[PDB]
Amino acid sequence: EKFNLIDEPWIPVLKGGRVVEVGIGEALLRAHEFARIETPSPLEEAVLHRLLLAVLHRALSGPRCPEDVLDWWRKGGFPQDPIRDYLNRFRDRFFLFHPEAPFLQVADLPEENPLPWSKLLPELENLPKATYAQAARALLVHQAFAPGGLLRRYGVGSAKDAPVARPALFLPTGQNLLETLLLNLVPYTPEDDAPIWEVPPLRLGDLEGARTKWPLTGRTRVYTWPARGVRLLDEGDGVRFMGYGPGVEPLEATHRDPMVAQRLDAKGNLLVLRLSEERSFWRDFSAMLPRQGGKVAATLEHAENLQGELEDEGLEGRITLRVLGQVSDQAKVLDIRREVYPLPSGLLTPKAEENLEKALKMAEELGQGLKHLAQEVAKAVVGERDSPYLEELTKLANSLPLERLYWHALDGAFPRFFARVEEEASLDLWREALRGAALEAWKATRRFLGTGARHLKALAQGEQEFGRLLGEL
């Protein structure tokens, strides 16, 4: 019995400009003292929020109504008795090491032939000892973000994706940790849900051969999913190795995680919004709207509603939106990313949404034209069909700064536009930004094209076509 997550320092928070570590108790009871959960890993940031939310939802058996969240923001804190009563009732499920119920672990996982604790981390002797605080964070992350793939332990060939292994996570944020939790405390009922610690401790017998299958539903059940079997092995003052086996098999269900958005395919399947490379995330902001017809993250929906109510009572209504997740290449993870945007005053109003649809359409049409222009340049430079011809064309086209520079410039301009999406004058700001991004990108392509006599016919033609595109704004 060692290291209780309610009491020990393990959640890194910003307090008065310095980073300190706190336990679940203090993070909740004193949320307003911390500017934010502060960690270099976006996955850590996400899970630490999801765990705290899980506790709040159960301790508070709510909030049932958006009005309750406002009352708590107004008072400047959560009701405290319910929270300390709840933390007291479940204290003994919150030890990192425990004879019978270690937090998010399997007590009877075999101690011998363990794996390095590094397996928990995204990948993405020379094995360092982790602290309990680090082991705790790495566990929470792996349990939420682990991709499917080969396992081959205890009668399980391959494991399934952990719950949020794939989608971008929408996390609205305010001026302090209290406000940030409030902004994510989507109205909730306890019925038929339960986080991992409210259920009997899992045993290897239940997990071997994937014997235990759960429908992937229930908010706090999902926030605290036992995706893998883990048993961290205490080495005295830290952790190097763990027992490792299958977790609970997720059965498919209707439930959508509150932090997850959706959009439609090109006819006509719903998919989760994802982080990717080669695509700016905001380019999907219109497709996630109901009239498109995707589904907005419940957290985003709830924050935007709350913001409207804070503005109505003269309270500070300025909020930020953070998007957290993994870029994943099938079953590899390519990157961990944190994106940051304004949460515009009246985002989910017909006018703002309509400004958004137009803005993204303009950018997308101009970008499509720039893309074709780059393909024509590439054809012009290379020549006619005879290294693989088409690969040499794709190589060359990808080699031009045209599209890449265009989108990179719009990443810069989007937030200042987005923040004013409610207004009508913002379309004109955006139009100019489109023009400017296009110009800078083309200039950089002119430079690239003036280094040998080869590139010139393509330059002449391209200049002509670029003139065209621009004349249509």
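Along the sequence shown, residues are numbered consecutively beginning with 1. Note that these values count all heavy atoms, side chains included, but never hydrogens, waters or copies made by symmetry.
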Could you walk me through whether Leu109 and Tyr154 pass the side-chain contact (heavy atoms from CB on, under 4.5 Å) test, one step at a time?
-> CA-CA 10 Å; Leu109 262 178; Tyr154 306 109; 3.7 Å; yes
Can you tell if the side chain of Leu202 reaches within under 4.5 Å of the side chain of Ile196, non-hydrogen atoms only?
-> yes
Flag side-chain contact, heavy atom, 4.5 Å: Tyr244 against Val230 = yes
For the residue pair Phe285 and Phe418, does the interplanar ring angle fall in the parallel (under 30°), tilted (30 to 60°) or perpendicular (over 60°) class?
-> tilted
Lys/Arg cation over aromatic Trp197: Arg58, 6.0 Å, 45° cone | no
Step-by-step salt bridge (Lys or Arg N to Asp or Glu O under 4.0 Å) determination, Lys15 to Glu33 | CA-CA 7 Å; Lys15 174 167 61 178; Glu33 301 205 66; over 6 Å; no
Closest approach of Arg263 and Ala287, non-hydrogen atoms and distance?
-> CB-O, 3.4 Å
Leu124 and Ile336 have their tightest heavy-atom pair at CD2-CG1, 4.3 Å
For the residue pair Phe281 and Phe414, is the inter-centroid distance of their aromatic rings smaller than 6.0 Å?
-> no
Whether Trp407 and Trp282 hold their rings parallel, tilted or perpendicular, with breakpoints at 30° and 60° = tilted
Can you find a pair of side-chain heavy atoms, one from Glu304 and one from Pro172, that are under 4.5 Å apart?
-> no
Which donor-acceptor pairs under 3.5 Å do side chains of residues 391-401 form with protein atoms, sequence neighbours excluded?
unit_1: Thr394; atom_1: OG1; unit_2: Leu390; atom_2: O; d: 3.0

Please lay out, stage by stage, how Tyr132 and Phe97 fare under the test ring pair (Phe, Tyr, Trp, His ring centres under 6.0 Å).
-> CA-CA 10 Å; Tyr132 301 138; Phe97 314 87; 5.3 Å; yes
Going from OG1 on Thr39 to CD on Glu21, what distance comes out if it is rounded to the nearest 0.5 angstrom?
-> 9.0 Å
Please walk me through it: do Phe90 and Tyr86 pass ring pair (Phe, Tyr, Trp, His ring centres under 6.0 Å)?
-> CA-CA 6 Å; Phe90 291 97; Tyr86 190 86; 4.8 Å; yes
Taking everything shown except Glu123 itself, do over 12 heavy atoms lie less than 6.0 Å from its CD?
-> yes
So, the side chain of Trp430 versus the backbone of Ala413: is there a donor-acceptor pair under 3.5 Å, distance only?
-> no
Distance (rounded to the nearest 0.5 Å) between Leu14 CG and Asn176 CG | 11.5 Å
side-chain contact (heavy atoms from CB on, under 4.5 Å) assessment of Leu171 paired with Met259 | CA-CA 7 Å; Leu171 185 97; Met259 291 176 183; 3.7 Å; yes
Under the 3.5 angstrom rule, does the side chain of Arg256 hit a backbone N or O of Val260 as a donor-acceptor pair?
-> yes
Are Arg416 and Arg420 close enough, and set up right, to give a side-chain contact (heavy atoms from CB on, under 4.5 Å), and what steps lead you there?
-> CA-CA 7 Å; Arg416 76 186 171 93; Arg420 299 172 52 181; over 6 Å; no
Separation between CG (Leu300) and CG (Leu183), nearest 0.5 Å, reads 10.5 Å
Verify the neighbour count for atom CD of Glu111: are there more than 12 heavy atoms of other residues, nucleotides or ligands below 6.0 Å?
-> no
Taking side chain as C-beta onward, heavy atoms only, is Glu309 less than 4.5 Å from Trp73?
-> no
Evaluate the side-chain proximity of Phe103 to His98: yes if any heavy-atom separation is below 4.5 Å, no if none is.
-> no
Sidechain-backbone polar pair: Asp108 side chain, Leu204 backbone, donor-acceptor under 3.5 Å = yes
Take atom CD of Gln134 as the centre, draw a 6.0 Å sphere, and report whether it contains more than 12 heavy atoms from other residues, nucleotides or ligands.
-> yes
Hey, what do you get for CD (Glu277) to CG (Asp329), rounding to the nearest 0.5 Å?
-> 7.0 Å
Polar side-chain atom of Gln307 near backbone of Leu343 as donor-acceptor pair, under 3.5 Å = yes
Please check if the side chain of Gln143 supplies one atom and the backbone of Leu104 the other of a donor-acceptor pair under 3.5 Å.
-> yes
Would you say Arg166's side chain and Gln330's backbone share a donor-acceptor pair under 3.5 angstrom?
-> yes
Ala101 versus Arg93, closest heavy-atom pair with distance = CB-NE, 3.5 Å
Minimum side-chain heavy-atom gap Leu177-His49 below 4.5 Å | yes
To the nearest 0.5 Å, what is the distance between CG (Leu51) and OH (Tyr223)?
-> 11.5 Å
Are the side chains of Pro63 and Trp72 in touch, meaning some heavy atoms are under 4.5 Å apart?
-> yes
Check whether any side-chain heavy atom of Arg137 sits under 4.5 Å from a side-chain heavy atom of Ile11, and report yes or no.
-> no
Result of checking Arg50, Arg221, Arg219 against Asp257 for salt bridge (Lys or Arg N to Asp or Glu O under 4.0 Å) | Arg50
Please indicate whether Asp265 has more than 12 foreign heavy atoms, meaning atoms of other residues, nucleotides or ligands, lying under 6.0 Å from its CG.
-> yes
When you look at NZ of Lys213, are more than 12 heavy atoms from neighbouring residues, nucleotides or ligands closer to it than 6.0 Å?
-> yes
Specify the closest pair of heavy atoms between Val186 and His57, including all atoms of both residues, with the distance to one decimal.
-> O-CE1, 3.4 Å
Can you tell me if CZ on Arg279 sees more than 12 non-hydrogen neighbours from other groups inside 6.0 Å?
-> yes
Is the side chain of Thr299 donor-acceptor paired with the backbone N or O of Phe170 at a distance under 3.5 Å, no angle test?
-> yes
Approximate separation, where rounding is to 0.5 Å, of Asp161 CG and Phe145 CZ | 12.0 Å
Closest non-hydrogen atom pair between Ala144 and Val47, with its separation = CB-CG1, 3.4 Å
Backbone of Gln175 reached by a side-chain donor or acceptor of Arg318 within 3.5 Å | no
Shortest non-hydrogen contact between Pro167 and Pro163, atoms and distance = CD-O, 4.5 Å
Does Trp117 use its side chain to pair, donor to acceptor, with the backbone of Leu232 at less than 3.5 Å?
-> no
Begin from the C-alpha positions of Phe3 and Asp234 and carry the test side-chain contact (heavy atoms from CB on, under 4.5 Å) through to its verdict.
-> CA-CA 10 Å; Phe3 204 83; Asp234 186 0; over 6 Å; no
Is the number of heavy atoms from other residues, nucleotides or ligands within 6.0 Å of CD (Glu100) greater than 12?
-> no
For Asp411 and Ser280, what are the C-alpha separation, side-chain angles and deciding distance, and is it a side-chain hydrogen bond (donor to acceptor under 3.5 Å, both in side chains)?
-> CA-CA 7 Å; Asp411 292 344; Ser280 309; 2.6 Å; yes
Say whether, by atom type as modelled, one donor and one acceptor occur between the side chain of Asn88 and the main chain of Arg84 under 3.5 angstrom.
-> yes
